[PDB]
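Below is one structure, written out as structure tokens, with a few remarks after it.
Order of the sequence lines fixes the chain letters, A, B, ..., with proteins taken first and strands second; residue numbering starts at 1 for each chain. Heavy atoms only: backbone and side chains are in, while hydrogens, waters and symmetry mates are out. All ligand and atom numbering here is 1-based and tracks the order in the structure.
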Amino acid sequence: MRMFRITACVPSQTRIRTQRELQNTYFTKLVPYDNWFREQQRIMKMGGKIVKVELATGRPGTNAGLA
Amino acid sequence: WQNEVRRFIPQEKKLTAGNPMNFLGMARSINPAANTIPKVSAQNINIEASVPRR
Amino acid sequence: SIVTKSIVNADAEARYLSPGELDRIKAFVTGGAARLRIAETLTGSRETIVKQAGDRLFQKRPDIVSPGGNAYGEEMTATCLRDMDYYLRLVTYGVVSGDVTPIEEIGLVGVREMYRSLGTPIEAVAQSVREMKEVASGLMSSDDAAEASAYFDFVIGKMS
Amino acid sequence: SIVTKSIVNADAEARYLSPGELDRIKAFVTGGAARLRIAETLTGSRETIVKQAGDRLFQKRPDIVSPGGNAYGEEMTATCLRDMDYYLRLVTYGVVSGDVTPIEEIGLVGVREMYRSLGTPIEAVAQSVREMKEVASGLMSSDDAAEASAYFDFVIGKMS
Amino acid sequence: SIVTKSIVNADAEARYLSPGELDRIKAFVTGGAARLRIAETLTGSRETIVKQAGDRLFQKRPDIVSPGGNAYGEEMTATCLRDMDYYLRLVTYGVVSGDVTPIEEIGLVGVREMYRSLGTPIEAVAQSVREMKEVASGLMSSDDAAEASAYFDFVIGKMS
Amino acid sequence: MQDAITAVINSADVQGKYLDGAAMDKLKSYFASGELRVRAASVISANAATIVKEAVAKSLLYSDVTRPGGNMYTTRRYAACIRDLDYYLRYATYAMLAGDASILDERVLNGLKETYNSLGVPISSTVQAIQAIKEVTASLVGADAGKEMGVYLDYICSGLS
Amino acid sequence: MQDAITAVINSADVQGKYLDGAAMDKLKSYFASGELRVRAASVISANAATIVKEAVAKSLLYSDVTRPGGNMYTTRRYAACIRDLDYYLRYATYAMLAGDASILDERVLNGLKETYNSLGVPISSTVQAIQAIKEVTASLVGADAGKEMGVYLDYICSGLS
Amino acid sequence: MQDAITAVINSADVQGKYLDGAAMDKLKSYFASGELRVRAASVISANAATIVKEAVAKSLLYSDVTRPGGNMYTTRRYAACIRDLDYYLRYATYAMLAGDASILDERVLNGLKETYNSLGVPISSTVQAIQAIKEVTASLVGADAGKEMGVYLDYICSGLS
Amino acid sequence: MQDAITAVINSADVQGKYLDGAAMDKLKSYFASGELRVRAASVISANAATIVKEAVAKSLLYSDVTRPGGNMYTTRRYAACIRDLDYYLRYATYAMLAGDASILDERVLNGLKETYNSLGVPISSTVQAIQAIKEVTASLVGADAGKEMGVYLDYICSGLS
Amino acid sequence: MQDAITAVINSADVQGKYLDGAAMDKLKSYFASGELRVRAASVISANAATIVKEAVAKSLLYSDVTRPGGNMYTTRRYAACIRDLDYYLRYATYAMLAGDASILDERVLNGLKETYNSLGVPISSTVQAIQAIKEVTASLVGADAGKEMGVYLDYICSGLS
Amino acid sequence: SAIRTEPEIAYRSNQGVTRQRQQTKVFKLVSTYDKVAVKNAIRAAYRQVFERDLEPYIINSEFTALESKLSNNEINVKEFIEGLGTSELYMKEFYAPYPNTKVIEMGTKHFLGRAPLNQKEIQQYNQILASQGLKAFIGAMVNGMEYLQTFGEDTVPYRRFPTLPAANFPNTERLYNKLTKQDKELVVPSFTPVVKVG
Ligand SMILES: *[C@@H](C)[C@H]1/C(=C/c2[nH]c(/C=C3N=C(/C=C4\NC(=O)C(CC)=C4C)C(C)=C\3CCC(=O)O)c(CCC(=O)O)c2C)NC(=O)[C@@H]1C
Ligand SMILES: *[C@@H](C)[C@H]1/C(=C/c2[nH]c(/C=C3N=C(/C=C4\NC(=O)C(CC)=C4C)C(C)=C\3CCC(=O)O)c(CCC(=O)O)c2C)NC(=O)[C@@H]1C
Ligand SMILES: *[C@@H](C)[C@H]1/C(=C/c2[nH]c(/C=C3N=C(/C=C4\NC(=O)C(CC)=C4C)C(C)=C\3CCC(=O)O)c(CCC(=O)O)c2C)NC(=O)[C@@H]1C
Ligand SMILES: *[C@H](C)[C@H]1/C(=C/c2[nH]c(/C=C3N=C(/C=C4\NC(=O)C(CC)=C4C)C(C)=C\3CCC(=O)O)c(CCC(=O)O)c2C)NC(=O)[C@@H]1C
Ligand SMILES: *[C@H](C)[C@H]1/C(=C/c2[nH]c(/C=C3N=C(/C=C4\NC(=O)C(CC)=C4C)C(C)=C\3CCC(=O)O)c(CCC(=O)O)c2C)NC(=O)[C@@H]1C
Ligand SMILES: *[C@H](C)[C@H]1/C(=C/c2[nH]c(/C=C3N=C(/C=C4\NC(=O)C(CC)=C4C)C(C)=C\3CCC(=O)O)c(CCC(=O)O)c2C)NC(=O)[C@@H]1C
Ligand SMILES: *[C@H](C)[C@H]1/C(=C/c2[nH]c(/C=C3N=C(/C=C4\NC(=O)C(CC)=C4C)C(C)=C\3CCC(=O)O)c(CCC(=O)O)c2C)NC(=O)[C@@H]1C
Ligand SMILES: *[C@H](C)[C@H]1/C(=C/c2[nH]c(/C=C3N=C(/C=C4\NC(=O)C(CC)=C4C)C(C)=C\3CCC(=O)O)c(CCC(=O)O)c2C)NC(=O)[C@@H]1C
Ligand SMILES: *[C@H](C)[C@H]1/C(=C/c2[nH]c(/C=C3N=C(/C=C4\NC(=O)C(CC)=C4C)C(C)=C\3CCC(=O)O)c(CCC(=O)O)c2C)NC(=O)[C@@H]1C
Ligand SMILES: *[C@H](C)[C@H]1/C(=C/c2[nH]c(/C=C3N=C(/C=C4\NC(=O)C(CC)=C4C)C(C)=C\3CCC(=O)O)c(CCC(=O)O)c2C)NC(=O)[C@@H]1C
């Protein structure tokens, strides 16, 4: 469905969480295309830094057959 | 010996704010100028260069 | 209302009102005489602002009044002027309240869906309220023109 | 294609394709000859359909090409006829695909945002594609008129 | 209806319907076709029967149409003929239903309160529907005139 | 939910026999309905906004409901009523394709009366809106499809009122 | 929610007309009261912990409910009680700034009765607590601002009763 | 994000002393500029759709970008480009309010150039669209406010390049 | 139920104090208005039926509510509506005698809203029928006594709205 | 209603068998307690005016409800509260003589909370009046005989809360 | 005070908020190397989303691809929950047999752990359901700010016990205290406005 793969570093700026937090601090995740704009807006609002982003799934510049 | 005979219509409903009947007279006083009928037939137009290109 | 907006923000932050919000309420509650004077100016000039702005809108965009247009007949033009009176009343309400929340709650949420269902060009409605703003600023004092033009500005921005 | 729609449903429910949609794909690949026939007939008669449907659109809504509208001038009606030709090519793509997925993924999602940014009467574009449906049904065979007009009618429903 | 009056009586008396009463709904459903004939001939000749009834009332009681009267006006005679046609509708509903129940449920309960609010003579409207009875006996066949004129006797006795 | 074909399948299965002659001629009735239902669905999905548009124009527009004071007043409530009528038209089309009102009383009517009483939505005005959809669909799809569509729409009216 | 000026605006809106002279007179009445409302809100926001402290000391402490097994027992529940009276005083300050008791039955009284019934909370003990807040605030801020605070606090009491 | 004032605070805090005279002068400069920033914000919020409409008309319409074979062909990609330019205008207006481009660095530019390179989006065409936005808003709000508005727009362009 | 005098007595009873000067001059106002109220009572009791007659004549005759399908159709519903207007006029006379609206609160408006909603009674036409009663009794009994009758009938209208 | 012995009989009849040995043991436990129950019931019936007198004196006089405007004010309401506490003591004596708390939710607590909520009766004041009742009763009939009175008066408190 | 007899002892033993707030387990997928813990988090996600174990309601596990991506750690628990929401099983058991308001209720119960906040949230989610279906609805309510502030990208959602706003805690209590398919009525149909605008 032409999804993205990203690496982002999201720190915590308001709470000192006493359990393990690398799995939601520095992560690599598969994000769908129609959800990626909202996900990126969410990360940039939460203060994360998008280290890397690429279109690991699908072909860029496709007109039809993107489903 | 005069007699008071009423009418088939009831009393007229009092015109309120949201009803556009109170703006009909002001629309008439505007009398907005319509546009002339455009005399284009679109068979003589050719879609390869009359579409702009910049 | 500015009091309603500050109460909503304080409730969202789960706190009492800040001194900045509180003396903004103080400044509004002292300076409301000018805003109610603006509201009386708009209420007195209600018919002429709508009339002149309707004439200017139909001069600028005659294809909402042409055959095939959304507002063709004299009754359709009366509905156009009715919508203009609606939005002038909302601008008066916003001037009185000091905040755009009554305007949002009455005539800006779902306006795109409403005018999509009615077939009405919402960019031409934005032009209509723009000419209403122009006429009101023409017949209003300059500081009062800016104060009313803030709410006219918000209505233009949310339509367009 | 409806094989792509069936492959989407099968992969989403995480199972092999149902025998129902198997023989629907069988029906599609039997009827693909008639679908290809309708495709090249519309390809051959694209220009007469777009010109006659644009003419009937202009009789229905003369405000489109009047001064003040979106399409005033030979330039701005040439781009409207080009939009019509774009939608006709999309309908041919959908007919030759068997589904409405290429039509919606080329020209129907985001089109309200596009034509809102352009200020275009989307209901008049819907009436334009209605006139295209009428001209194509008149020019084309009656048995295939239903199957092509269904896809035209999908464009009407998604656009209006 | 005769079935609904009998079943209300049986429901109040806490019993099944008495076999005489089942025999009489049996008699009503065997003899019902003549009632349908009465209904269709009254529906066919509604305008002339009400013409003759109103004209002979205006002959017999000139005080009704005299100056100062409730039914003095041209308007007032028109709404008198309205009430005439209403009671004709009630008689047709009653001869269809086989009982006095629709007449009492629609146009007899509270009718004295209505007509004393309006100032109209209840004896005069009873005379009107009595004249409907006599012209109906003149116009319609003699055997069904017994049932139709009998229901007319009910409404004149209940109204006067 | 269920349609008429799964209704007769489940009615056969609950008593535990195969398909009998009553199931046979019920299926024959549904297949005979068939083409008419799918053509009515095609033309409704074609002009989907048209029925709700001139239905609101016929019934709801220019009245005390859409004047100030009424519940059609304000643009959010107007768009909500357009959304509600699109819901009603879509679900009536779904029941028309099904042949049963299971999607009607199982997706619409449960909770609708009490949430409309909570929101102050006029039940009679919604009924007149549904009647307007019935009349415009009868004008657009024909006679037999129009009257079975009217059966489903006044089933919605009878459930809501 | 709704304050006094939005109440005036909605009262004009339901009848559709603009704001006449009586609307401006009510607006000037609210503008006259705004000084008192602002200073009372500042005083209550400055001292808000002391009010609920004095109220709980006056009406809740050394009783059966704070003796063990009661609802004021088990310190989590005591902190929730202090939080509840802080919520009551804060929303009463909101309603006092507003001039209308719409926030009280929108964002406080909505479901509060069955909340306390599901949690086993003594209703009249809470009512006595808000009345304790009432004379503490009346002694704190004065007779007229204390009167307005008393109006909204016993509006909360009457909704909770 | 940060503004001009918070940037002054952080620049004082990293070397850990109080606000000196230069920090006071910078705060005075921002407080003087705030009037013009507010009026430019109001004008841009009025003409948000007009600016992006005129900019895309004067820069990218009837070109190879919007022709077939271009990246802005199809309504999906047109609506995506329109949304991109609208968010660029809104966030540049935010930076014009704040007086500091940290919101551009933290909420517009991280993960955006690499996303555009992943999707094949033309960087030069997006830059030209932002320049068209710059010229339209400079003609529409004035040269004085349009100076720093174009400063933040060229900051977006330089980050994207 | 309480009149103005016993309303003053009960208010002072809940206040726990004797009658101060506000109670005394409110009582003097009632004693001044009593002769006017007695004269208006005599006029309305003389013309009880005719006021309802001319009010229903000038409000809802020859209209859609009296048409079939309307709720004043059939003699049962018509006489019920006339008895409703008689109830409204008699209880407005009672409240005009009392100088208080407690009789309208507890004996008229209690349950009337949901009663009319269950019956389908048109609220707006009922309100304008009460308005017609107001105009007839204002033309009949005088300006000031008509004004008190009008404000009590408008209290009935606001309770029914 | 039900007591301990008919509770044994009903628990036998729910499972459908005869009375087994544990049923006989429960019956003999009730027969052992019955002398104490009869003695305590005789003492409470002899002194029942004194218990309610001292309980109202130690819990209800000199309070906000007893000051004017309160619920304990107006001697009719005062004697009605006395009669209510007499009813509570008499039915608690019935329950103590019975051995099961079924008479409270069959003849006292049925609708009692709804009654007091509609009546504006202070719930916590009634609860502390019941606490004064059970304290005076436990002081009068002893700790062991007062244990069952504590059971049933606290059952009234738990039902009414 | 008093003797504190056994009926009210059993009453006041369970008095305030029920102990299920503390007597639960919060499933945080700490690391994907522990495949047993991955499977535990996956079954807990199934139980949270579908209120029960989905063994009598599958042919086979149709989410096995999602389990594979979660075990390989190129998707997170948030994307696993979103994949469960945008599935045919969730719409079969929670969207097909329920009206759209009930779909809003069950969706915020399974995903946000609490009742809908207000009529504004009800209107927004009803607009999303009317426009784009339930997949965009699940995506919006999972990618919203509240889900990330409460659960984050690594935590299976759980039943929440809120305090603010009004009626949110009792409507959450009445939405979670009834078991699956207990009744078809609406716990929170809509919030009655104290002021009707226009
Ligand atoms: C001529 C013989 C009669 C006449 C009649 C008369 N009628 C009216 C006006 C009304 N009549 C009705 C009656 C009905 N309403 C119903 O629903 C039914 C059927 C169940 C009936 C029969 C009503 C309601 C009116 C009031 C207005 C209306 O027409 O709806 C008038 C006018 C009185 C006036 O003051 O306007 C008259 C004169 N006059 C007579 O003497 C005979 C009784
Ligand atoms: C000396 C040890 C310290 C101290 C104590 C102190 N506490 C209070 C008042 C109260 N303490 C409680 C405590 C609890 N409630 C619970 O549920 C639990 C856990 C089971 C505890 C520990 C309560 C409820 C009160 C309120 C009064 C009451 O008994 O209900 C006081 C009295 C304060 C007053 O003025 O009334 C004091 C003095 N004070 C100190 O300075 C030492 C640090
Ligand atoms: C001397 C005059 C006599 C006397 C009086 C006395 N009364 C009380 C106690 C109370 N009296 C009332 C009375 C009323 N409640 C009402 O609602 C009304 C109508 C307005 C009345 C008159 C009440 C409620 C009390 C209870 C206590 C209170 O203060 O409210 C006492 C006190 C008894 C005690 O032990 O507390 C006394 C002394 N006693 C006499 O011997 C004289 C004959
Ligand atoms: C302390 C020796 C030095 C240092 C520390 C520092 N750490 C952070 C923030 C984070 N630290 C971690 C590391 C872990 N989290 C885990 O769960 C585990 C394994 C159990 C490890 C090793 C993470 C993930 C963060 C980011 C999340 C968070 O902030 O809690 C900071 C804050 C960075 C910031 O400003 O956001 C700091 C300063 N820095 C030093 O100078 C000390 C020498
Ligand atoms: C005039 C400048 C433009 C335009 C106007 C036009 N409007 C209508 C009809 C309606 N407009 C509304 C709007 C509102 N309802 C509200 O509650 C509010 C906020 C207070 C608003 C703004 C409504 C409800 C209608 C429907 C009719 C009614 O009065 O209820 C029309 C008529 C369309 C029709 O088919 O009847 C027209 C023509 N059209 C233009 O071209 C100008 C851009
Ligand atoms: C339109 C015919 C009339 C009417 C409509 C109206 N509706 C709302 C709001 C809502 N309607 C619903 C109902 C549904 N829930 C479901 O699950 C379904 C079927 C799938 C339906 C139809 C709901 C939940 C709402 C609230 C959410 C929303 O607003 O979209 C309103 C708004 C009321 C308000 O202000 O909150 C209105 C006005 N009312 C009329 O007057 C028209 C005649
Ligand atoms: C004609 C039926 C109506 C009409 C048309 C009209 N369109 C435009 C401008 C544009 N149209 C498009 C369309 C598409 N691009 C795509 O990729 C697809 C799908 C394949 C479509 C349908 C575009 C991109 C434009 C922008 C111009 C460009 O192509 O560069 C205009 C011009 C408006 C303007 O220039 O501002 C017009 C007039 N307008 C009507 O009123 C008719 C109803
Ligand atoms: C428009 C100026 C040019 C351009 C645009 C274009 N954009 C997309 C799609 C996306 N753009 C973004 C970028 C952003 N993320 C952010 O957080 C912000 C600022 C708030 C921006 C601007 C993202 C994330 C996407 C993908 C998500 C989505 O599309 O919803 C496309 C589509 C690419 C495709 O293959 O579909 C296009 C075409 N390209 C041009 O040619 C214009 C010159
Ligand atoms: C007349 C203005 C409009 C109207 C009236 C109408 N009312 C009824 C019936 C009832 N009216 C009441 C009202 C009261 N009863 C009381 O005791 C009091 C206070 C003392 C009031 C205000 C009630 C309870 C009823 C129901 C009992 C009954 O059957 O009479 C009806 C009849 C409804 C029916 O289904 O028969 C009607 C028609 N409706 C209109 O259209 C007029 C505009
Ligand atoms: C305190 C003096 C009295 C009392 C109350 C009590 N309340 C709770 C807990 C809750 N109270 C609420 C109610 C509200 N929700 C709202 O939105 C508002 C207005 C803003 C209110 C008032 C809710 C939802 C809770 C539960 C939330 C929580 O986390 O507790 C408790 C605690 C119960 C527990 O088990 O924690 C108590 C004890 N009980 C008394 O005896 C006093 C009279």
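Remark: ligand 3 atoms within the under-4.0 Å shell around heavy atoms of J/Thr74 are 16 (C), 17 (O). The distance from ligand 3 to the heavy atoms of J/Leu61 drops below 4.0 Å at these ligand atoms: 26 (C), 27 (C), 36 (O).
Between G/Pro122 and ligand 10 there is a heavy-atom distance shorter than 4.0 Å. Taking 4.0 Å as the cut-off, D/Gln127 does not count as a neighbour of ligand 7 on heavy-atom distance. For K/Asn168, the closest heavy-atom approach to ligand 10 does not fall below 4.0 Å. No heavy atom of H/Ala57 sits closer than 4.0 Å to any atom of ligand 7. The shell of residues lying under 4.0 angstrom from ligand 10, judged by heavy atoms, excludes G/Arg90. For G/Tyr91, the closest heavy-atom approach to ligand 10 falls below 4.0 Å. Residue contacts with ligand 10 include K/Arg21, since one or more of its heavy atoms lies under 4.0 Å from the ligand.
Nearest to atom 13 (C) of ligand 10 by heavy atom, out of G/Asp84, G/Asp86, G/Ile130, is G/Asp84. Closest heavy-atom approach to atom 32 (C) of ligand 10 within the set K/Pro165, G/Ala79, G/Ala80, C/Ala14: this belongs to G/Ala80. The closest non-hydrogen atom to atom 9 (C) of ligand 10, taken over G/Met72, G/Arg83, K/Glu173, comes from G/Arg83. The heavy atom nearest to atom 41 (O) of ligand 10, considering only G/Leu109, G/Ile82, G/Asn71, is found in G/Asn71. Residue G/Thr126 holds the heavy atom nearest to atom 43 (C) of ligand 10 of all those in G/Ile156, G/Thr126, K/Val17.
The protein does not reach atom 41 (O) of ligand 3 closely, with no heavy atom under 4.0 angstrom from it. Distance remark: protein heavy atom not present below 4.0 angstrom from atom 6 (C) of ligand 3. Distance screen at 4.0 Å: atom 3 (C) of ligand 3 has no protein heavy-atom neighbour inside the cut-off. Counting only heavy atoms, the protein gets under 4.0 Å from atom 27 (C) of ligand 3.
With a 4.0 Å heavy-atom cut-off, ligand 7 is reached by the side chain of D/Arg82 but not by its N, CA, C or O. Contacts with ligand 7 closer than 4.0 Å are made by heavy atoms of both the backbone and the side chain of D/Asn70. Only the side chain of D/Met114 comes within 4.0 Å of ligand 7, counting heavy atoms alone; its backbone N, CA, C and O stay farther away. If you look at J/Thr75 next to ligand 3, the close heavy atoms, those under 4.0 Å, come from the backbone and the side chain alike. For D/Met84, every heavy-atom contact with ligand 7 shorter than 4.0 Å involves the side chain, none the backbone.
When only non-hydrogen protein atoms are considered, atom 31 (C) of ligand 3 lies nearest to J/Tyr62 OH, 4.9 Å. Of the protein's non-hydrogen atoms, the one nearest atom 25 (C) of ligand 3 is J/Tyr78 OH, 4.8 Å. Closest to atom 1 (C) of ligand 7, if we only count protein heavy atoms, is D/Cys80 SG, 1.8 Å. With respect to atom 20 (C) of ligand 3, the closest heavy atom belonging to the protein is J/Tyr73 OH, 3.3 Å. Scanning the protein for heavy atoms near atom 30 (O) of ligand 3, the closest one is J/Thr66 CG2, 3.3 Å.
Side-chain contact check for K/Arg19 and K/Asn14: at least one donor-acceptor pair (N or O, by modelled atom type) lies under 3.5 Å.
Distances between N or O atoms of G/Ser125 and those of ligand 10 include no value under 3.5 Å. When only interatomic distances are considered, the shortest N/O to N/O separation between G/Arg76 and ligand 10 does not fall below 3.5 Å. Geometrically, ligand 10 and G/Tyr87 share no nitrogen or oxygen pair separated by less than 3.5 Å. Polar contact check, G/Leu112 against ligand 10: no nitrogen or oxygen pair lies under 3.5 Å apart.
With rounding to the nearest 0.5 Å, the separation of CD in D/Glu134 from CZ in D/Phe152 is 10.5 Å.
Between H/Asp64 and H/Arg67 there is a salt bridge, with a side-chain nitrogen of the basic residue lying less than 4.0 Å from a carboxylate oxygen of the acidic one.
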